[PDB]
There are 2 protein chains.
Amino acid sequence: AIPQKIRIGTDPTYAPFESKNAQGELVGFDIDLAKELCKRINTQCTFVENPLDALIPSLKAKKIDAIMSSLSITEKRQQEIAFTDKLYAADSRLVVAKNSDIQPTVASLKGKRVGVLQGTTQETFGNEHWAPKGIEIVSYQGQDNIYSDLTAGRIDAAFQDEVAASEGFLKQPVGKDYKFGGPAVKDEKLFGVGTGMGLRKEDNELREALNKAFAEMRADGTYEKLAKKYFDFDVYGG
Amino acid sequence: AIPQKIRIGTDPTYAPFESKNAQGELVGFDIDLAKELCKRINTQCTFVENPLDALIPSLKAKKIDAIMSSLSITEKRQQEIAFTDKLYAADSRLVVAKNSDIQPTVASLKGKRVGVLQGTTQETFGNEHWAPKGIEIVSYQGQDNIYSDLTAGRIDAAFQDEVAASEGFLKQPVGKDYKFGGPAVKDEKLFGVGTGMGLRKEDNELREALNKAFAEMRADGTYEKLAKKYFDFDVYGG
Ligand SMILES: N[C@@H](Cc1c[nH]c[nH+]1)C(=O)O
Ligand SMILES: N[C@@H](Cc1c[nH]c[nH+]1)C(=O)O
């Protein structure tokens, strides 16, 4: 029905969306979004932190009740779980050293190591369009160990969403020497064009009330205020 | 400039204008009306919670920049803060238990304890019109503690505004044994004709602007849309 305590699973390795801080506290625009969605439907929310590859199964095991983890909405994920309406747009791009040639293409990526987070939409674009053409796909848990292997030379490109790379790495002094290398690779039916909150297919009423609550947060100006402490561009798109 | 982020003070204990849900979300007609005014004014206002007898000092100490708290536009208060245009009408009535007397005569209040919210217009009238006359005026800090002491028999009448009493108490199942009653009590100087946002006299540009935004929420229909979430009659007047 509408559960009185909902357990939201998150992977806390993805700034600015969800990440831990000095005071250990969970922090980020997806965290802020869910806190506000929860008050608004008026129920107690607790966050469970797990790796992103474990969330979509924990949900089907009722170990958690929602997923908020910048989880992009895609045709394939949707033939297993349900999602709210679009919370904001996502785009994928590879990050490269400023001194590395590396392309969105089997050409200059041939025989290079691209790192992807396990469970993600770009781990699966990397296996279907890119490993057969000879570029090696290295999967990780913890988005922060991918950026850390990139700056150490261990991998040659880091593959993930644009705004997290941008805000969480390239605008930080550790990504000063790095850059996006190439466009966003285009695959609308694999990547999806936005993220949402993941929910079981059978919970139609907790899904309907989250959609209403979010709708309202976009119309009274609460979304624009929550977005503005992280972004100076329009995160939502349209 | 014109301020980017405005502090708004509210006492959130005055259903149906401002109150909180179990999760702390500020809810009510005054909350809706502020947020649409902020959006149209293109400003980022935030709500600070404070007992209404603190709100006019807080705005003098530049800790808040606005008051939205069902504050009556009066001439006594017009001598030290400025107000916006009339947001909606306000009337004062006493709330009394069924038949149990304290009836339409000032003499029937002699020796009875009349509960009032501290800092209010009814408090100011109580001690001018009625406390010289042998009636006991008891001031409280949250409107909810005036209705629970009425119920418990610890005071004999509760004096606050008419729509708040009726929609927050009399039409709720705790208010079933109660009614309006007591002498008709008027003083146009002390009481409003209605309510406005209260601000500093110094910040005149915000008023022209909030005034403008309000004016157009009203020809456009967003006022009527917000009011019908709450009232089945004209809250504005005519
Ligand atoms: N939006 C992408 C990437 C990602 C989500 N969370 C962490 N990384 C996905 O859902 O797979
Ligand atoms: N309108 C009345 C009563 C009140 C407003 N808020 C709480 N009580 C006043 O301004 O005093």
# chains A, B, ... in the order shown; residues from 1 in each chain; ligands from 1
call {"tool": "residues_around", "arguments": {"residues": "stretch 46-50 of chain A", "least_positions_apart": "6", "cutoff": "6 Å", "atoms": "only C-alpha atoms", "output": "list in words"}}
result
residues 7, 8, 9, 10 and 11 of chain A
call {"tool": "write_last_selection", "arguments": {"atoms": "C-alpha atoms", "output": "mmCIF file, in the first residue's frame"}}
result
data_model
loop_
_atom_site.group_PDB
_atom_site.id
_atom_site.type_symbol
_atom_site.label_atom_id
_atom_site.label_comp_id
_atom_site.auth_asym_id
_atom_site.auth_seq_id
_atom_site.Cartn_x
_atom_site.Cartn_y
_atom_site.Cartn_z
ATOM 1 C CA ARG A 7 13.874 1.433 2.763
ATOM 2 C CA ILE A 8 15.671 3.269 -0.104
ATOM 3 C CA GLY A 9 18.774 1.364 -1.395
ATOM 4 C CA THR A 10 21.637 3.619 -2.701
ATOM 5 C CA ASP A 11 25.268 3.142 -3.787
#
call {"tool": "interface_residues", "arguments": {"of": "chain A", "to": "chain B", "cutoff": "8 Å", "atoms": "only C-alpha atoms", "output": "ChimeraX atom specification"}}
result
/A:39-40,42-44,220-221,225
call {"tool": "write_last_selection", "arguments": {"atoms": "C-alpha atoms", "output": "PDB file, in the first residue's frame"}}
result
ATOM      1  CA  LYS A  39       8.245  14.257   3.778  1.00  0.00           C
ATOM      2  CA  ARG A  40       5.851  15.068   1.041  1.00  0.00           C
ATOM      3  CA  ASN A  42       4.509  11.825   4.686  1.00  0.00           C
ATOM      4  CA  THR A  43       6.428   8.592   5.583  1.00  0.00           C
ATOM      5  CA  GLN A  44       9.630   7.598   7.341  1.00  0.00           C
ATOM      6  CA  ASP A 220       6.141  25.044  -6.461  1.00  0.00           C
ATOM      7  CA  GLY A 221       9.866  25.755  -7.119  1.00  0.00           C
ATOM      8  CA  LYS A 225      16.037  25.218  -5.191  1.00  0.00           C
TER       9      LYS A 225
END
call {"tool": "residues_near_ligand", "arguments": {"ligand": "ligand 2", "cutoff": "7 Å", "atoms": "only C-alpha atoms and all ligand atoms", "output": "ChimeraX atom specification"}}
result
/B:11,14,52,69-72,90,117,119-122,160-161,195
call {"tool": "write_last_selection", "arguments": {"atoms": "N, CA, C and O atoms", "output": "PDB file, in the first residue's frame"}}
result
ATOM      1  N   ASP B  11       4.644  30.761  12.267  1.00  0.00           N
ATOM      2  CA  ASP B  11       4.314  29.949  13.399  1.00  0.00           C
ATOM      3  C   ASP B  11       3.538  28.768  12.854  1.00  0.00           C
ATOM      4  O   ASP B  11       2.397  28.980  12.471  1.00  0.00           O
ATOM      5  N   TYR B  14      -1.206  26.759  13.194  1.00  0.00           N
ATOM      6  CA  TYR B  14      -2.391  27.468  12.928  1.00  0.00           C
ATOM      7  C   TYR B  14      -3.084  26.907  11.718  1.00  0.00           C
ATOM      8  O   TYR B  14      -3.322  27.572  10.716  1.00  0.00           O
ATOM      9  N   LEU B  52       4.557  33.099  16.775  1.00  0.00           N
ATOM     10  CA  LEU B  52       4.204  34.375  16.213  1.00  0.00           C
ATOM     11  C   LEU B  52       4.627  35.543  17.114  1.00  0.00           C
ATOM     12  O   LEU B  52       5.108  36.527  16.556  1.00  0.00           O
ATOM     13  N   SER B  69       2.040  34.399   8.147  1.00  0.00           N
ATOM     14  CA  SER B  69       1.647  33.598   9.303  1.00  0.00           C
ATOM     15  C   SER B  69       0.214  34.024   9.692  1.00  0.00           C
ATOM     16  O   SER B  69      -0.100  34.233  10.855  1.00  0.00           O
ATOM     17  N   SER B  70      -0.670  34.275   8.702  1.00  0.00           N
ATOM     18  CA  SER B  70      -1.996  34.742   8.971  1.00  0.00           C
ATOM     19  C   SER B  70      -2.008  35.994   9.852  1.00  0.00           C
ATOM     20  O   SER B  70      -2.872  36.233  10.709  1.00  0.00           O
ATOM     21  N   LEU B  71      -0.989  36.827   9.636  1.00  0.00           N
ATOM     22  CA  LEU B  71      -0.773  38.101  10.393  1.00  0.00           C
ATOM     23  C   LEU B  71      -1.813  39.126   9.953  1.00  0.00           C
ATOM     24  O   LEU B  71      -1.910  39.469   8.774  1.00  0.00           O
ATOM     25  N   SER B  72      -2.652  39.646  10.827  1.00  0.00           N
ATOM     26  CA  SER B  72      -3.682  40.609  10.396  1.00  0.00           C
ATOM     27  C   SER B  72      -3.118  41.978  10.048  1.00  0.00           C
ATOM     28  O   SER B  72      -2.329  42.554  10.791  1.00  0.00           O
ATOM     29  N   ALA B  90      -9.861  38.255   7.439  1.00  0.00           N
ATOM     30  CA  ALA B  90      -9.850  37.610   8.743  1.00  0.00           C
ATOM     31  C   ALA B  90     -10.958  38.178   9.664  1.00  0.00           C
ATOM     32  O   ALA B  90     -11.234  39.380   9.607  1.00  0.00           O
ATOM     33  N   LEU B 117      -3.595  33.525  21.923  1.00  0.00           N
ATOM     34  CA  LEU B 117      -2.216  33.260  21.525  1.00  0.00           C
ATOM     35  C   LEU B 117      -1.357  34.499  21.773  1.00  0.00           C
ATOM     36  O   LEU B 117      -1.714  35.615  21.319  1.00  0.00           O
ATOM     37  N   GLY B 119       1.375  37.531  21.440  1.00  0.00           N
ATOM     38  CA  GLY B 119       1.611  38.336  20.227  1.00  0.00           C
ATOM     39  C   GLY B 119       0.404  38.634  19.302  1.00  0.00           C
ATOM     40  O   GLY B 119       0.479  39.365  18.279  1.00  0.00           O
ATOM     41  N   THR B 120      -0.804  38.115  19.613  1.00  0.00           N
ATOM     42  CA  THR B 120      -1.903  38.351  18.658  1.00  0.00           C
ATOM     43  C   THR B 120      -2.794  39.541  18.841  1.00  0.00           C
ATOM     44  O   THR B 120      -2.875  40.239  19.867  1.00  0.00           O
ATOM     45  N   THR B 121      -3.464  39.823  17.747  1.00  0.00           N
ATOM     46  CA  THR B 121      -4.477  40.880  17.757  1.00  0.00           C
ATOM     47  C   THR B 121      -5.593  40.635  18.829  1.00  0.00           C
ATOM     48  O   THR B 121      -5.918  41.487  19.651  1.00  0.00           O
ATOM     49  N   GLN B 122      -6.159  39.422  18.992  1.00  0.00           N
ATOM     50  CA  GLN B 122      -7.144  39.063  20.048  1.00  0.00           C
ATOM     51  C   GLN B 122      -6.578  39.211  21.484  1.00  0.00           C
ATOM     52  O   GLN B 122      -7.282  39.376  22.486  1.00  0.00           O
ATOM     53  N   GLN B 160      -9.441  33.425  18.716  1.00  0.00           N
ATOM     54  CA  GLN B 160      -8.453  33.474  17.616  1.00  0.00           C
ATOM     55  C   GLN B 160      -9.290  33.755  16.402  1.00  0.00           C
ATOM     56  O   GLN B 160     -10.463  34.116  16.595  1.00  0.00           O
ATOM     57  N   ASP B 161      -8.771  33.577  15.184  1.00  0.00           N
ATOM     58  CA  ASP B 161      -9.590  33.888  14.036  1.00  0.00           C
ATOM     59  C   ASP B 161     -10.595  32.784  13.702  1.00  0.00           C
ATOM     60  O   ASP B 161     -10.379  31.580  13.844  1.00  0.00           O
ATOM     61  N   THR B 195      -5.516  39.712   6.170  1.00  0.00           N
ATOM     62  CA  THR B 195      -4.117  39.343   6.387  1.00  0.00           C
ATOM     63  C   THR B 195      -3.201  39.729   5.231  1.00  0.00           C
ATOM     64  O   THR B 195      -3.597  39.892   4.073  1.00  0.00           O
TER      65      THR B 195
END
call {"tool": "residues_around", "arguments": {"residues": "residue B:60", "least_positions_apart": "6", "cutoff": "12 Å", "atoms": "only C-alpha atoms", "output": "PyMOL selection string"}}
result
chain B and resi 9+54+66-67+80-82+198-203
call {"tool": "residues_around", "arguments": {"residues": "residue B:182", "least_positions_apart": "2", "cutoff": "6 Å", "atoms": "only C-alpha atoms", "output": "PyMOL selection string"}}
result
chain B and resi 102-104
call {"tool": "write_last_selection", "arguments": {"atoms": "C-alpha atoms", "output": "PDB file, in the first residue's frame"}}
result
ATOM      1  CA  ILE B 102     -20.321  32.069  28.472  1.00  0.00           C
ATOM      2  CA  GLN B 103     -22.931  33.601  26.231  1.00  0.00           C
ATOM      3  CA  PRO B 104     -23.522  36.851  24.004  1.00  0.00           C
TER       4      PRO B 104
END
call {"tool": "closest_residue", "arguments": {"among": "A:109, A:56, A:206, A:97", "to": "ligand 1", "atoms": "only C-alpha atoms and all ligand atoms"}}
result
A:56
call {"tool": "select_by_dssp", "arguments": {"residues": "stretch 13-235 of chain A", "states": "helix (DSSP H, G or I)", "output": "PyMOL selection string"}}
result
chain A and resi 29-41+52-60+77-79+106-109+121-130+143-151+162-170+173-175+188-191+204-219+222-228
call {"tool": "atom_distance", "arguments": {"atom1": "atom CA of residue B:167", "atom2": "atom CA of residue B:234"}}
result
13.8 Å
call {"tool": "closest_residue", "arguments": {"among": "A:83, A:140, A:191, A:29", "to": "ligand 1", "atoms": "only C-alpha atoms and all ligand atoms"}}
result
A:191
call {"tool": "closest_residue", "arguments": {"among": "A:107, A:163, A:95, A:59", "to": "ligand 1", "atoms": "only C-alpha atoms and all ligand atoms"}}
result
A:163
call {"tool": "atom_distance", "arguments": {"atom1": "atom CA of residue A:106", "atom2": "atom CA of residue A:139"}}
result
18.3 Å
call {"tool": "residues_around", "arguments": {"residues": "residue A:136", "least_positions_apart": "5", "cutoff": "6 Å", "atoms": "only C-alpha atoms", "output": "short mmCIF file (atom, residue, chain, number, x, y, z; two decimals) with N, CA, C and O atoms, in the first residue's frame"}}
result
data_model
loop_
_atom_site.label_atom_id
_atom_site.label_comp_id
_atom_site.auth_asym_id
_atom_site.auth_seq_id
_atom_site.Cartn_x
_atom_site.Cartn_y
_atom_site.Cartn_z
N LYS A 112 42.67 -0.69 -25.56
CA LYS A 112 42.80 0.13 -24.39
C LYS A 112 41.84 -0.42 -23.34
O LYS A 112 40.93 -1.20 -23.64
N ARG A 113 42.12 -0.07 -22.09
CA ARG A 113 41.30 -0.54 -20.97
C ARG A 113 40.31 0.57 -20.63
O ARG A 113 40.73 1.69 -20.26
N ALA A 131 33.56 -4.64 -26.41
CA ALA A 131 34.58 -5.67 -26.21
C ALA A 131 34.88 -6.57 -27.45
O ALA A 131 36.07 -6.84 -27.78
#
call {"tool": "atom_distance", "arguments": {"atom1": "atom CA of residue B:16", "atom2": "atom CA of residue B:204"}}
result
29.0 Å
call {"tool": "residues_around", "arguments": {"residues": "residue A:28", "least_positions_apart": "2", "cutoff": "7 Å", "atoms": "only C-alpha atoms", "output": "MDAnalysis selection string"}}
result
chainID A and resid 15:19 30:32
call {"tool": "write_last_selection", "arguments": {"atoms": "N, CA, C and O atoms", "output": "CSV table (one decimal), in the first residue's frame"}}
result
chain,number,residue,atom,x,y,z
A,15,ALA,N,29.3,11.0,-6.6
A,15,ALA,CA,29.0,12.5,-6.5
A,15,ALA,C,28.7,13.0,-7.8
A,15,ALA,O,29.0,12.5,-8.8
A,16,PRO,N,27.9,14.1,-7.9
A,16,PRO,CA,27.2,14.8,-6.8
A,16,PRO,C,25.9,14.2,-6.4
A,16,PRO,O,25.2,14.7,-5.5
A,17,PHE,N,25.6,13.0,-6.9
A,17,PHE,CA,24.3,12.4,-6.7
A,17,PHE,C,24.1,11.7,-5.4
A,17,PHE,O,23.0,12.0,-4.8
A,18,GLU,N,24.9,10.8,-4.9
A,18,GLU,CA,24.9,10.3,-3.6
A,18,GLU,C,26.4,9.9,-3.2
A,18,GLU,O,27.1,9.1,-3.9
A,19,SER,N,26.9,10.6,-2.2
A,19,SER,CA,28.2,10.2,-1.7
A,19,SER,C,28.3,10.4,-0.2
A,19,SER,O,27.6,11.2,0.3
A,30,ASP,N,20.5,13.2,-5.0
A,30,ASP,CA,19.5,12.2,-5.0
A,30,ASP,C,19.0,12.0,-3.6
A,30,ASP,O,17.8,11.6,-3.4
A,31,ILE,N,19.9,12.1,-2.6
A,31,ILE,CA,19.6,12.1,-1.2
A,31,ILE,C,18.6,13.2,-0.9
A,31,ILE,O,17.6,13.0,-0.3
A,32,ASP,N,18.9,14.4,-1.2
A,32,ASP,CA,18.0,15.6,-1.1
A,32,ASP,C,16.7,15.4,-1.7
A,32,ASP,O,15.6,15.6,-1.2
call {"tool": "residues_around", "arguments": {"residues": "residue A:185", "least_positions_apart": "6", "cutoff": "9 Å", "atoms": "only C-alpha atoms", "output": "number ranges by chain"}}
result
A: 91-94, 104
call {"tool": "write_last_selection", "arguments": {"atoms": "N, CA, C and O atoms", "output": "short mmCIF file (atom, residue, chain, number, x, y, z; two decimals), in the first residue's frame"}}
result
data_model
loop_
_atom_site.label_atom_id
_atom_site.label_comp_id
_atom_site.auth_asym_id
_atom_site.auth_seq_id
_atom_site.Cartn_x
_atom_site.Cartn_y
_atom_site.Cartn_z
N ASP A 91 23.58 11.49 -19.42
CA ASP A 91 24.22 11.24 -20.69
C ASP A 91 25.51 10.46 -20.44
O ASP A 91 26.12 10.75 -19.42
N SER A 92 25.99 9.50 -21.25
CA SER A 92 27.28 8.87 -20.93
C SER A 92 28.45 9.44 -21.73
O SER A 92 28.32 9.91 -22.84
N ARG A 93 29.63 9.49 -21.18
CA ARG A 93 30.78 10.04 -21.90
C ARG A 93 32.02 9.37 -21.32
O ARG A 93 31.94 8.88 -20.17
N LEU A 94 33.13 9.25 -22.05
CA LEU A 94 34.33 8.73 -21.45
C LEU A 94 35.20 9.92 -21.06
O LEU A 94 35.18 10.96 -21.67
N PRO A 104 35.56 7.74 -28.43
CA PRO A 104 34.35 6.96 -28.60
C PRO A 104 34.32 5.85 -29.66
O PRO A 104 33.26 5.34 -30.02
#
call {"tool": "decode", "arguments": {"residues": "stretch 71-197 of chain A", "atoms": "C-alpha atoms", "output": "mmCIF file, in the first residue's frame"}}
result
data_model
loop_
_atom_site.group_PDB
_atom_site.id
_atom_site.type_symbol
_atom_site.label_atom_id
_atom_site.label_comp_id
_atom_site.auth_asym_id
_atom_site.auth_seq_id
_atom_site.Cartn_x
_atom_site.Cartn_y
_atom_site.Cartn_z
ATOM 1 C CA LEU A 71 19.535 4.658 -11.818
ATOM 2 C CA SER A 72 18.830 5.413 -15.565
ATOM 3 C CA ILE A 73 15.561 4.323 -16.894
ATOM 4 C CA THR A 74 15.914 1.745 -19.692
ATOM 5 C CA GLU A 75 13.802 -0.733 -21.684
ATOM 6 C CA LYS A 76 15.643 -3.663 -20.317
ATOM 7 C CA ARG A 77 15.550 -2.624 -16.653
ATOM 8 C CA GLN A 78 11.784 -1.972 -17.078
ATOM 9 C CA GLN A 79 11.113 -5.520 -18.164
ATOM 10 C CA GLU A 80 12.171 -6.412 -14.515
ATOM 11 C CA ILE A 81 11.207 -3.408 -12.286
ATOM 12 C CA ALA A 82 9.141 -0.179 -12.235
ATOM 13 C CA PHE A 83 10.411 3.421 -12.091
ATOM 14 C CA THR A 84 8.979 6.854 -11.187
ATOM 15 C CA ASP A 85 8.739 9.588 -13.889
ATOM 16 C CA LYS A 86 12.041 11.174 -14.977
ATOM 17 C CA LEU A 87 13.780 12.853 -12.083
ATOM 18 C CA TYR A 88 16.584 14.322 -14.339
ATOM 19 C CA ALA A 89 18.526 13.632 -17.650
ATOM 20 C CA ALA A 90 21.649 11.438 -17.835
ATOM 21 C CA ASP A 91 24.223 11.237 -20.695
ATOM 22 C CA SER A 92 27.282 8.874 -20.930
ATOM 23 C CA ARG A 93 30.780 10.044 -21.900
ATOM 24 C CA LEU A 94 34.327 8.729 -21.451
ATOM 25 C CA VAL A 95 36.876 10.687 -19.457
ATOM 26 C CA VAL A 96 40.353 10.669 -20.709
ATOM 27 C CA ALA A 97 43.650 12.099 -19.690
ATOM 28 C CA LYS A 98 44.342 15.432 -21.471
ATOM 29 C CA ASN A 99 47.395 13.558 -22.752
ATOM 30 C CA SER A 100 45.504 10.425 -24.040
ATOM 31 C CA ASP A 101 44.110 10.202 -27.735
ATOM 32 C CA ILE A 102 41.235 7.927 -26.810
ATOM 33 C CA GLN A 103 38.051 8.010 -28.742
ATOM 34 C CA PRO A 104 34.349 6.957 -28.602
ATOM 35 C CA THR A 105 35.489 4.491 -31.383
ATOM 36 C CA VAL A 106 36.912 1.056 -31.876
ATOM 37 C CA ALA A 107 39.620 2.891 -33.860
ATOM 38 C CA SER A 108 41.777 4.612 -31.131
ATOM 39 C CA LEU A 109 40.252 2.625 -28.308
ATOM 40 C CA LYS A 110 41.509 -0.732 -29.859
ATOM 41 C CA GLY A 111 43.382 -2.541 -27.046
ATOM 42 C CA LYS A 112 42.802 0.126 -24.386
ATOM 43 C CA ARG A 113 41.305 -0.542 -20.972
ATOM 44 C CA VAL A 114 37.997 1.276 -20.425
ATOM 45 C CA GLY A 115 36.685 1.109 -16.748
ATOM 46 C CA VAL A 116 32.910 0.754 -16.161
ATOM 47 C CA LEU A 117 30.917 0.372 -12.881
ATOM 48 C CA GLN A 118 29.325 -3.089 -12.484
ATOM 49 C CA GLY A 119 25.627 -3.289 -13.107
ATOM 50 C CA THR A 120 25.530 -0.127 -15.125
ATOM 51 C CA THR A 121 24.125 0.748 -18.520
ATOM 52 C CA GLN A 122 27.684 1.506 -19.811
ATOM 53 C CA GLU A 123 29.074 -1.823 -18.593
ATOM 54 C CA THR A 124 26.500 -3.385 -20.904
ATOM 55 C CA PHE A 125 27.102 -0.950 -23.851
ATOM 56 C CA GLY A 126 30.885 -1.815 -23.312
ATOM 57 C CA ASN A 127 30.254 -5.583 -23.660
ATOM 58 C CA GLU A 128 27.692 -5.379 -26.571
ATOM 59 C CA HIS A 129 29.264 -2.572 -28.807
ATOM 60 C CA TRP A 130 32.876 -2.475 -27.546
ATOM 61 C CA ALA A 131 34.580 -5.665 -26.210
ATOM 62 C CA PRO A 132 34.140 -7.763 -29.505
ATOM 63 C CA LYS A 133 35.897 -5.019 -31.447
ATOM 64 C CA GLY A 134 38.922 -5.496 -29.162
ATOM 65 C CA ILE A 135 38.801 -2.663 -26.531
ATOM 66 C CA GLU A 136 39.059 -4.182 -22.971
ATOM 67 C CA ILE A 137 36.206 -3.610 -20.555
ATOM 68 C CA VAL A 138 37.197 -3.553 -16.834
ATOM 69 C CA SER A 139 34.263 -3.619 -14.334
ATOM 70 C CA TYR A 140 34.468 -2.149 -10.836
ATOM 71 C CA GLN A 141 32.437 -1.757 -7.682
ATOM 72 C CA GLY A 142 32.681 1.778 -6.202
ATOM 73 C CA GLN A 143 32.737 4.601 -8.741
ATOM 74 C CA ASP A 144 35.579 6.174 -6.744
ATOM 75 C CA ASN A 145 37.941 3.183 -7.526
ATOM 76 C CA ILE A 146 37.428 3.818 -11.306
ATOM 77 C CA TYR A 147 38.530 7.491 -11.196
ATOM 78 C CA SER A 148 41.422 6.334 -8.847
ATOM 79 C CA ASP A 149 42.640 3.627 -11.360
ATOM 80 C CA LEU A 150 42.376 6.187 -14.216
ATOM 81 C CA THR A 151 44.636 8.844 -12.540
ATOM 82 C CA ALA A 152 47.075 6.000 -11.578
ATOM 83 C CA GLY A 153 47.373 4.926 -15.260
ATOM 84 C CA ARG A 154 45.772 1.542 -14.511
ATOM 85 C CA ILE A 155 42.966 2.087 -17.059
ATOM 86 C CA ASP A 156 42.899 4.463 -20.043
ATOM 87 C CA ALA A 157 39.253 5.699 -20.112
ATOM 88 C CA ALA A 158 36.605 5.883 -17.283
ATOM 89 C CA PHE A 159 33.032 5.372 -18.618
ATOM 90 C CA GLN A 160 30.016 6.763 -16.743
ATOM 91 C CA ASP A 161 27.455 9.586 -16.808
ATOM 92 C CA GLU A 162 28.504 13.105 -17.896
ATOM 93 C CA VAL A 163 27.190 15.283 -15.080
ATOM 94 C CA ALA A 164 28.718 12.897 -12.370
ATOM 95 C CA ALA A 165 32.124 12.945 -14.104
ATOM 96 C CA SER A 166 31.904 16.615 -14.638
ATOM 97 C CA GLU A 167 30.751 17.645 -11.239
ATOM 98 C CA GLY A 168 32.300 14.792 -9.323
ATOM 99 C CA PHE A 169 35.818 14.651 -10.946
ATOM 100 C CA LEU A 170 36.777 17.039 -13.770
ATOM 101 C CA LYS A 171 35.794 20.185 -11.696
ATOM 102 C CA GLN A 172 37.649 18.729 -8.647
ATOM 103 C CA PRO A 173 41.575 19.321 -8.444
ATOM 104 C CA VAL A 174 42.120 15.545 -8.990
ATOM 105 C CA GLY A 175 40.533 15.690 -12.516
ATOM 106 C CA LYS A 176 42.357 18.919 -13.463
ATOM 107 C CA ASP A 177 44.457 17.030 -15.964
ATOM 108 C CA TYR A 178 41.551 15.154 -17.459
ATOM 109 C CA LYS A 179 38.883 15.845 -20.050
ATOM 110 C CA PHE A 180 35.922 14.258 -21.872
ATOM 111 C CA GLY A 181 37.271 12.340 -24.777
ATOM 112 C CA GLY A 182 34.793 12.266 -27.392
ATOM 113 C CA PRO A 183 31.000 12.895 -27.367
ATOM 114 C CA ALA A 184 28.415 11.115 -25.322
ATOM 115 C CA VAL A 185 28.243 7.716 -27.049
ATOM 116 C CA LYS A 186 24.791 7.488 -28.648
ATOM 117 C CA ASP A 187 22.539 4.599 -27.781
ATOM 118 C CA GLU A 188 19.063 5.813 -26.650
ATOM 119 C CA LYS A 189 17.570 2.323 -26.252
ATOM 120 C CA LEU A 190 20.532 1.053 -24.042
ATOM 121 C CA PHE A 191 21.375 4.107 -21.995
ATOM 122 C CA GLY A 192 17.947 5.666 -21.586
ATOM 123 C CA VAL A 193 17.518 9.461 -21.488
ATOM 124 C CA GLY A 194 17.043 9.966 -17.764
ATOM 125 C CA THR A 195 17.022 8.543 -14.312
ATOM 126 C CA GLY A 196 14.259 7.615 -11.887
ATOM 127 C CA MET A 197 13.488 5.948 -8.604
#
